[PDB]
RNA sequence: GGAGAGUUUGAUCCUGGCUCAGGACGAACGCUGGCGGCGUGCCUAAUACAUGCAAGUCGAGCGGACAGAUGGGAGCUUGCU
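In the entry's author numbering, the protein residues as written are 3 to 166.
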């Protein structure tokens with residue numbers, strides 16, 4: 003479903019890109035923005051930020067962030083299993099680990115996983131070093147996650163039978 | 001038990017290069033330098049070497065030399081032979 007706006011969003015920015023456009027006179031410098039937005043309890047999202055200024059792009063990032071959020075399973079403050087997302091030439095894989103392992107991730111990706119609350123991820127940016135698509139490389143993989151009690155309900159099977 | 005970042009462009013994504021942060025040296029150089037353990041210390045020339053030492057041991061394997069004086073005796077200077 004759609005995640006409601008009845009939460010506590012923390013919304014720290016990642017990068018700012020100044021982005022041009024060439025008219026009869028000369029250039030026109032605007033700014034681009036993207037802000038990873040969420041709580042620390044499993045809801046992550048973002049939106050684009052476009053303006054003619056610095057701070058109003060920060061404002062309009064929050065709108066589509068509250069229009070588009072997504073939820074992640076938090077089994078033991080980890081991802082419950084291993085997955086590899088492949089959206090648009092930026093491959094970023096996701097590996098779970100033990101609870102002491104911290105958050106080892108790429109630059110913009112590290113400002114995503116701490117905005118999940120999930121603190122145990124190994125990852126490695128296989129694909130390109132572009133900030134929009136690396137975040138698209140994360141949530142697309144995080145969308146394809148599964149829960150332990152859910153797939154047993156999908157299989158019509160016991161949850162403990164998935165473990166033993 | 002797996003971090004990435006600058007760069008082609010007016011601007012964007014890819015693509016693709018190199019660059020960079022890290023870790024080691026039997027390392028050298030520049031500048032400085034108080035000490036203590038533990039460890040290494042000719043990779044090039046297996047090129048040439050002054051000087052000293054680096055493999056001898058058994059007299060219970062053996063002949064002889066080699067000193068020896070336990071005493072014995074000799075010639076006298078009492079110093080010796």
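Beta carbons are placed, not taken as given, at the ideal position from N, Cα and C, and that holds for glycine.
query	result
Spatial distance of residue 154 from residue 147 (CA atoms)	14 angstroms
Delimiting residues of the alpha helix (DSSP H) encompassing residue 145	133-145
With 16 other Cβ atoms within 10 Å as the buried cut-off, status of residue 4	exposed
Range of the contiguous alpha helix (DSSP H) that encloses residue 109	109-115
Span separating the alpha-carbon of residue 130 from that of residue 136	8 angstroms
Residue 52 beta carbon near the ligand SAH (any heavy atom closer than 7 angstroms)	As far as ligands go, the structure on display features none, and thus does not contain the ligand SAH.
Sufficient close CB pairs (3 or more, under 8 angstroms) joining the stretch 69-85 to the stretch 96-113	yes
Residue 71 and residue 44 closer than 8 angstroms at C-beta	no
Boundaries of the beta strand (DSSP E) in which residue 73 is found, first to last residue	71-73
Beta carbon of residue 68 nearer than 8 angstroms to that of residue 7	yes
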